[PDB]
Amino acid sequence: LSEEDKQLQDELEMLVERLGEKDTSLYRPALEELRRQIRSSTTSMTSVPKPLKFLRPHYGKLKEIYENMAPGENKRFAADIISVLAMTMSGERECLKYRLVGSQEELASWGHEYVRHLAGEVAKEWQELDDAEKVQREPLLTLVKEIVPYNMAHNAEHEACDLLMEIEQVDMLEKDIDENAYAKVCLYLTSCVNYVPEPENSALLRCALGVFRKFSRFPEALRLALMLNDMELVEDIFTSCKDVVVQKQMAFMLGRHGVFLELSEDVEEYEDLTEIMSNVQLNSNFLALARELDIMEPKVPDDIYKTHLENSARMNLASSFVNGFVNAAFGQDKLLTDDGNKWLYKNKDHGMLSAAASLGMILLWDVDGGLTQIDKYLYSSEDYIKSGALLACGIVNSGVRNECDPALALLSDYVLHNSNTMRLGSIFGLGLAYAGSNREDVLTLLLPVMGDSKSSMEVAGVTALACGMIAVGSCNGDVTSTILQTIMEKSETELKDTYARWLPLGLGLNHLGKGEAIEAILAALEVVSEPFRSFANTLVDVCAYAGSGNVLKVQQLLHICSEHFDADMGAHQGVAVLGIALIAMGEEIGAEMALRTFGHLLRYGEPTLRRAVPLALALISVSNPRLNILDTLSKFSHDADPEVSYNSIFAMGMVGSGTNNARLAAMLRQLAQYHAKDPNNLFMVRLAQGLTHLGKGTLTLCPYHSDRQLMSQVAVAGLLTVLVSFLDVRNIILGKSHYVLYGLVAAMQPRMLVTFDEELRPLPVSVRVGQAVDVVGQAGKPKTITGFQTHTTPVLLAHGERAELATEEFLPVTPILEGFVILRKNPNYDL
Amino acid sequence: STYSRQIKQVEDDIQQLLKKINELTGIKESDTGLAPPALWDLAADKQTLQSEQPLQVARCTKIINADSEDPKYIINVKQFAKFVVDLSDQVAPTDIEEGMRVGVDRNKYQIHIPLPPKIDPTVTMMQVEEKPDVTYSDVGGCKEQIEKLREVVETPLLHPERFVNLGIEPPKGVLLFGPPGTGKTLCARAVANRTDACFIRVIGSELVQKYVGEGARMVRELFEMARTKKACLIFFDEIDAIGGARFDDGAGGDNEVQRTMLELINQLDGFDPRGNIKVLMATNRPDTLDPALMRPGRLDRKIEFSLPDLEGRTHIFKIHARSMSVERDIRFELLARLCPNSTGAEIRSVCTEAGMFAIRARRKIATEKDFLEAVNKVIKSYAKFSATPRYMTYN
Ligand SMILES: Nc1ncnc2c1ncn2[C@@H]1O[C@H](COP(=O)(O)OP(=O)(O)OP(=O)(O)O)[C@@H](O)[C@H]1O
Ligand SMILES: [Mg+2]
């Protein structure tokens, strides 16, 4: 027993004896010393007064002092000692009570560990407090107005955000945000929006948006608005900025997302602002890198096949896709940009449909020069070439918005042509040209096609895919009304056709990512008969929660996956597997849980259940060639079930789409030898090689940009269109409708990091490119890149790598160094 | 800390869940080489264990009465026995040739499947399966050397059409020689990264073996396995281990190793055509190589990796100081001038040591003084151990 410890053990009696005297003259010196006695051990975080822990039973003698008379100074310091003692035990409605009723001085005077205990109990009783207890939160709000400043003072800021989150009072955080800590709060809160459910999704997003707006950080404020899909806020965010240089860089992010904004002529620099967001200069900027990265030379499919190292209509059609995929958005090719009539007519039947359409994929984003080359094939007498070119119209404007549209002129008068093929190149092309536009003129021109009597199920589904792509994520009731109207008018027998599966997809795309906006639509779908109703409601429900991560929604999908049918009844089972990928794709943590579940579905699932797992792998990790998935897809490449075999090979190329993976290309080359005697399997093999070398390693199909936090509705629409169509790879892809692979054009974007000057000319500078590192939590300055290398700016960033400027000579407008970025010269540099 | 209690509750529930998940899922253990249960096709394995019968590996020796309709095959079943058997009904008579390995049954020993020729597992591992992380952009000061190396070992495989049309037979061998650290293996590593044909890496010390005739045997199986591919590359790093010139010192001095070189010489240019193999030899002692090995038809191109010049040394400095957090005004041209005859390896160490002086000083950016101190420490202080002065005489 230490004498100093015994000295405090004495105060359990003599100091209480001083507080046991009737006169108040001895009360204050004992209590004031007792109040300071706690602070004596509070100066050390680990040291606590153990004799004080023996004073807990002594509160009975002190019960009357802090309760039974005036609260001036007798109860003031008497209760606070109990509050510190209330820190040790459970402290249910005690630790807060003595602090609330006792001394109301500065909160940090009793210790950081005490308030941390106190702050936690503040949220605990807040949930307990009901509506009638609003007259109990008056001192509760006072503490949080002082707890929050204390937490940010000692860099314990992530604890502060936690206090307001539990009590649902994150509104008052912004008033106390300072210049030195704005970046930490928003980065912390934004990381939380992917796991908190509704309605706190928007609330945390708006509150994080408020901090950015107050601190004049517009470019990152616009990112939060886009994540919120608040078109009015996007208007308000854009026009509030008076720095046109920031506005020019902002227009790039809108163009990258595909969100168009109709500015007023009164806004300064109106011309260049519309050009930047319309991506009209994307073709020239993309060609500028190609000259800089000395990869402009065309690549024949033979250079991709590499058959000289290896120890038909389908073959010719396969190489048409490989030629288009490899030379996509380049404008030059040794096989079709030359005299391609020998090659174009080498294909047969619908092989010429995709071959003619593949010509526009080399000319992707080149609306002016691309339309200059298609015109030769537009007057072809053979029906496939013209409509294949008609679809090649939609590809050439895909991803670009023209002030007056060329594509509609070339495609308006062929949506109601008597020949079904000519329409087939019209609506599908028209969809790709204006995917993510919600424009009424095209939709009104495209709408009556679906209800046309001569419109076959093939074009009717194509119409649903197109109008769903134009109005993706818009909840346009006009497109919604007809999609239901066509669906229940159709007879039960023709609903067996797999081209009717595209109708719910068009409905689902129209409500892509909206969430709770489908119950009215789901109400209409009960009337539709089974098993299509099982298919239809699953497709739209999945599309409603796309990129949301809702664990509740994926709970029901596996419940569909739990009951296995001994095909016709289990048609909807494939979308359920595809559903897990579409919802969990939003953030990394949700996504790689899905791979573990995807393993069991490939193991315990039925053939139809396991025929969709590879597509889910492709959706969950498109253009992200991780080894775990690629090894997973490799094992089922040579599957006994033919559909799983084709689907896995396509997913392997889809997973490494545009990554130019040397290891993955070797597997496909080995797969080409193994599947050389299988025409069906070998067609997927060639397809994957083209996708692997998509755009010669300069194009991505990933729907997520802005550091994988902002989701592109257009890209998923093309992603969903191909992958849902791959549920019937035998009849759609391997059949006569392989043109649906051109839906991937809507998702084709460059993996770009181009630094432009304030006048928008190219500005090459040294940059560091490396794997992204999560920097939530740890204070100070943590590195956001690991295993990085230094390159000039015109470099391609594959999935998961960030970019930081190596030097400080230039100040980027956006913290996200992706896409087109404007650099401003640093005044501090060269001081 | 207010969530410390709630963290451990969900962490323990999670850890209990994986342990619970692994109970039903399985995959526990692996010491007997068991694959995860998701890959268990036990229905097919039971059929495989019955429908597919095991086959003993045997070598065909002589075909008796091949012309007639009753061709008898004499087989050598390794260490078991020798049998005169006939072909199975599911294999063509023309698919089995004398001297080739076959698969035979355990009942009547009839040949059931032709088999690949036996190849030493050590030789099989000598082929490169993961390409190195070195590109030609990582080699500085070797411009002319690199074009000569590519146009023999890379261009003919990539674009063979430009050689057959003009009746051109491209050289099938390159010797890279130079002092240590000049970039001989670095350029070879760049070749393997870019090449799409099969790349085999051979180290001369790997061809030295305990018993008599092994090194020649391994060379024979090396080229035998290389010939089973349309295009192949064999890299012989440190060929001087076995490529030394033949001599007679009374006793059997290096007689066994010379036979290994003679076999390698025979495969490169002998009675039989080599094939589509393009060999690549690297050595720092080319003066010791045998004259017959240093002859065109075996080593057609002699690319010399001399010490880089001022322009080359500046290029190497930029390559290695690309990712450094250097200052703005680092005079790399001055640094190249401070090390007149220095290998590229020394320049890399200068770059590494330059950042080491700054890391020692707790500085995040390396100044020009650090590079100046690095040159003194590497080029000057470590000049006692420099291999350049002795090895320029050998090259
Ligand atoms: N020309 C060069 N450009 C860039 N780095 C070089 C160059 N030459 C050498 N280096 C560097 O020096 C290192 C020396 O290893 P390297 O394999 O090139 O040596 P080498 O010439 O094969 O030597 P040795 O004769 O000892 O086998 C390389 O790993 C590389 O990092
Ligand atoms: Mg070497």
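Hand me the list of helices (runs of 4 or more DSSP H) wholly inside region A:324-391 holding 3 or more residues that are aliphatic (A, V, I, L, M) and under 20 Å from A:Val459 (Cβ atoms).
A:351-362
Can you give me the number of residues within region B:1-18 that are within 12 Å of another protein chain (Cβ to nearest Cβ) and within 53 Å of the chain's Cα centre (by Cα)? Of the residues in that region, 4 qualify.
Only a single item in (1) in a strand (DSSP E or B); (2) over 21 Å from A:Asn180 (Cβ atoms); (3) more than 14 Å from every other protein chain (Cβ to nearest Cβ) is not met by A:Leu797, and it is number (1). The set of residues from region B:194-223 being part of a helix (DSSP H, G or I), within 16 Å of ligand 2 (Cβ to nearest atom) and either within 17 Å of B:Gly140 (Cα to Cα) or of a type in the set (D, E, K, R) (or both) comprises just one member, B:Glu206. Checked against (1) within 28 Å of the chain's Cα centre (by Cα); (2) of a type outside the set (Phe, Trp, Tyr); (3) surrounded by 20 or more Cβ atoms within 10 Å (Cβ to Cβ); (4) within 14 Å of chain A (Cβ to nearest Cβ), B:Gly275 passes all but condition (3).
Any idea which residue in region A:767-782 is farthest from the other protein chains (Cβ to nearest Cβ), counting only those that are surrounded by fewer than 12 Cβ atoms within 10 Å (Cβ to Cβ) and among the charged types (D, E, K, R)?
Step one: list which residues in region A:767-782 are surrounded by fewer than 12 Cβ atoms within 10 Å (Cβ to Cβ), which gives A:774, A:777-778, A:780-782.
Keeping just the survivors that are among the charged types (D, E, K, R) gives A:774, A:781.
Working: A:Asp774: 18, A:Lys781: 11 Å.
The extreme case among them is A:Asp774.
Of the residues B:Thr48, B:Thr25, the single one that is within 14 Å of chain A (Cβ to nearest Cβ), within 17 Å of A:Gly599 (Cα to Cα) and either of a type outside the set (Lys, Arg) or within 36 Å of the chain's Cα centre (by Cα) (or both) is B:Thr25.
For region B:147-170, how many residues meet the condition of being under 10 Å from B:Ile303 (Cβ atoms) and either within 16 Å of ligand 2 (Cβ to nearest atom) or touching a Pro at 6+ places or on another chain (Cβ under 8 Å) (or both)? Within region B:147-170, residues that are under 10 Å from B:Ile303 (Cβ atoms) and either within 16 Å of ligand 2 (Cβ to nearest atom) or touching a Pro at 6+ places or on another chain (Cβ under 8 Å) (or both) number 2. Which residue is farthest from the other protein chains (Cβ to nearest Cβ), if the candidates are limited to region B:170-188 and must be outside any loop (DSSP other than H, G, I, E, B) and within 6 Å of ligand 1 (Cβ to nearest atom)? Step by step, filter region B:170-188, then rank; the result is B:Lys184. Looking across region A:392-433, the residues that are under 25 Å from A:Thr337 (Cα atoms) and not in a helix (DSSP H, G or I) come down to A:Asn397, A:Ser398, A:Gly399, A:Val400, A:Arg401, A:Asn402, A:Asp405.
Here B:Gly140 qualifies as within 16 Å of ligand 1 (Cβ to nearest atom) and in contact with a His (Cβ under 6 Å, 6 or more places away or on another chain). So which residues in region A:516-561 are under 24 Å from the mean Cα position of the chain (by Cα), aliphatic (A, V, I, L, M) and closer than 16 Å to A:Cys475 by Cα, if there are any at all? Listed by number, the residues that qualify are A:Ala517, A:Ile518, A:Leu539, A:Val540, A:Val542, A:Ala544, A:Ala546. Every test in (1) in a helix (DSSP H, G or I); (2) surrounded by fewer than 17 Cβ atoms within 10 Å (Cβ to Cβ) is passed by A:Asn68 save one, and that test is (1).
Checking the structure you have, find out if any residue of region A:124-137 is closer than 29 Å to A:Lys248 by Cβ and not in a helix (DSSP H, G or I). Scanning region A:124-137, I find no residue that is closer than 29 Å to A:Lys248 by Cβ and not in a helix (DSSP H, G or I), so the answer is no. Inspection of region A:749-766 finds a residue satisfying the criterion of being more than 30 Å from A:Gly468 (Cα to Cα), within 14 Å of chain B (Cβ to nearest Cβ) and either surrounded by fewer than 17 Cβ atoms within 10 Å (Cβ to Cβ) or in contact with a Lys or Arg (Cβ under 7 Å, 6 or more places away or on another chain) (or both).
Let's see how each residue does on (1) among the acidic types (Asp, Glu); (2) under 21 Å from the mean Cα position of the chain (by Cα); (3) within 16 Å of ligand 2 (Cβ to nearest atom); (4) away from chain A (no Cβ under 14 Å):
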residue	(1), (2), (3), (4)
B:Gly253	no, no, no, yes
B:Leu264	no, yes, no, yes
B:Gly270	no, no, no, yes
B:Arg285	no, yes, yes, yes
B:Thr288	no, no, yes, yes
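Listed here are the residues, each with its yes/no results for (1) polar (S, T, N, Q); (2) surrounded by 19 or more Cβ atoms within 10 Å (Cβ to Cβ); (3) not in a helix (DSSP H, G or I).
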residue	(1), (2), (3)
A:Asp441	no, no, no
A:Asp452	no, no, yes
A:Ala460	no, yes, no
A:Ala464	no, yes, no
A:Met488	no, no, no
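Looking at A:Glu157, is it surrounded by fewer than 18 Cβ atoms within 10 Å (Cβ to Cβ) and on the phi < 0 side of the Ramachandran plot?
On the way: surrounded by fewer than 18 Cβ atoms within 10 Å (Cβ to Cβ): no; on the phi < 0 side of the Ramachandran plot: yes.
When the stated conditions are applied, A:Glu157 does not pass them.
Contact map, region A:305-324: first residue within 14 Å of chain B (Cβ to nearest Cβ), second residue among the charged types (D, E, K, R), Cβ cut-off under 6 Å, separation 6 or more or different chains; pairs are A:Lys306/B:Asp196; A:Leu309/B:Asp196; A:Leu309/B:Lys230; A:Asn311/B:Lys229; A:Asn311/B:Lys230. Look at A:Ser637 and say whether it is buried (at least 24 other Cβ atoms within 10 Å of the Cβ), within 14 Å of chain B (Cβ to nearest Cβ) and among the polar types (S, T, N, Q). Yes.
Check region B:228-242 and report whether any residue there is more than 16 Å from ligand 2 (Cβ to nearest atom) and away from every other protein chain (no Cβ under 14 Å). No - not one qualifying residue is present in region B:228-242. Region B:302-395 holds helices (runs of 4 or more DSSP H) entirely within its bounds, and those carrying 1 or more residues that are more than 11 Å from ligand 1 (Cβ to nearest atom) and over 30 Å from B:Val174 (Cα atoms) map to B:332-337, B:344-360, B:368-375.
Among the residues of region B:154-162, is any within 14 Å of chain A (Cβ to nearest Cβ), within 22 Å of B:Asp269 (Cα to Cα), part of a loop (DSSP other than H, G, I, E, B) and more than 9 Å from ligand 1 (Cβ to nearest atom)? Yes, region B:154-162 contains a residue that is within 14 Å of chain A (Cβ to nearest Cβ), within 22 Å of B:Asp269 (Cα to Cα), part of a loop (DSSP other than H, G, I, E, B) and more than 9 Å from ligand 1 (Cβ to nearest atom). Each residue in region B:315-364 was checked for being touching a strand residue (DSSP E or B) at 6+ places or on another chain (Cβ under 7 Å), of a type in the set (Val, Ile, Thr) and surrounded by fewer than 21 Cβ atoms within 10 Å (Cβ to Cβ), and 0 of them qualify. Screening B:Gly173 with (1) under 16 Å from the mean Cα position of the chain (by Cα); (2) within 14 Å of ligand 2 (Cβ to nearest atom) gives one miss only, at (2). Tally up the residues in region B:189-235 that are within 16 Å of ligand 1 (Cβ to nearest atom) and of a type in the set (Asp, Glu), please. Qualifying residue count for the region: 1.
Remark: pairs (first residue in region B:262-283, under 17 Å from B:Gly204 (Cβ atoms); second residue crowded, with 23+ Cβ neighbours inside 10 Å and of a type in the set (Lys, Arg); Cβ separation under 7 Å; 6+ apart in sequence or on different chains) = B:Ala282/B:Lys184.
All of the numbers you see were taken from the coordinates with simple rules; none came from a lab. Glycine gets a Cβ as well: all are built from the backbone with ideal geometry, and neighbour counts include every protein chain shown.
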